[PDB]
């Protein structure tokens, strides 16, 4: 199975149908004022572990989410996991606690400015990755700080290959803790903005990071992604989206495709392309888990986009 460690959250996403870049005026005192009209609030199922597991499950992989929810309002998510066939083995529900909630203000370029209400996520460390069983691959995504570090240490001690995915949790790390996490990790995945923040906080160049992992995966929105190794790089093209509606969750859809490819022994070019396709499927729908292709549809779309079938 693949262990997916990270936040499990309800999202309130406000997507500007536009680009904040077109609205910044650095020569004025105020850089940006923008008010945009949105529809009625829809609470979405989200969280990085929710999102990555949803994607891996769409592909037919065996996704085991490890994260904490709050008993006050966990039930709709637990019912959804059961409906989707997502194991709740490592989903811990904490009495008298609220689930994490994200208020995400964003645009069509995935410039997410998020106000996060952590709730139960603050106690995510009560789950220990070292207590999970029969795990062949893992990811450690944004979560409570203690939990992220503890998951990294326990997976490394067991020798389980894992992607370190610090994402929104990057502020929680200092240089020394970030360096150690990258030394421990088998792979690191970040978007291009976060990759710059990781280089600044560690002091390492991208080449130096690539000397300390099997792969440094940097996603670049509409421009695709790069997969960097100590001895070469794969450029992964984007798939043209059917429509660009909401990029929130694109990286997590991408990580679920990547995880499936690594588990199934795809080469990096092919694992990266599957990941890219999942990101393009996601962006065509509002909310991180609204896209719902069947496995047959994903296979067809991969052939259409890339001119071959994986293996």
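Superpose the two forms; the largest set of C-alphas matching within 1.5 Å is the rigid core. Numbering follows the first chain given and starts at 1.
Comparing 83-91 and 227-235 where Cα RMS over structures and residues is taken in 4 other deposited structures of this protein (core fit), larger one: The stretch that sits farther from the shown form in 4 other deposited structures of this protein is 227-235.
Outlying stretch relative to shown form, 291-299 versus 11-19 in 4 other deposited structures of this protein, C-alpha RMS (core): Once the cores are fitted, 11-19 deviates more in 4 other deposited structures of this protein.
Per the record, averaged over C-alpha atoms, which has the higher B-factor: 73-81 or 173-181? In the deposited entry, the stretch with the higher C-alpha B-factor mean is 73-81.
Look over 132-140 and 90-98 in the entry and identify the one with the greater average Cα temperature factor. Looking at the recorded C-alpha B-factors, 90-98 comes out higher on average.
Out of 65, 38, 277, 250, whose C-alpha atom has the biggest B factor in the entry? That would be 38.
Looking at the C-alpha B-factor values in the deposited entry, which of 221, 166, 237, 232 comes out highest? Comparing C-alpha B-factors across 221, 166, 237, 232, the top value belongs to 232.
Place residue 51 in the lowest, middle or highest third of its chain's C-alpha B-factors, as listed in the PDB entry. Lowest third, going by the recorded CA B-factors of the chain.
Please rank the C-alpha B-factors of the chain's modelled residues and tell me whether residue 14 sits in the lowest, middle or highest third. Residue 14: CA B-factor falls in the middle third of its chain.
Give the position of residue 4 by CA B-factor within its chain, expressed as the lowest, middle or highest third. Residue 4: CA B-factor falls in the lowest third of its chain.
Could you place residue 160 in the lowest, middle or highest third of its chain by Cα temperature factor, using the values in the record? Highest third.
Going by the recorded CA B-factors, say which third of the chain residue 114 sits in, lowest, middle or highest. Middle third - that is where residue 114 ends up once the chain's C-alpha B-factors are sorted.
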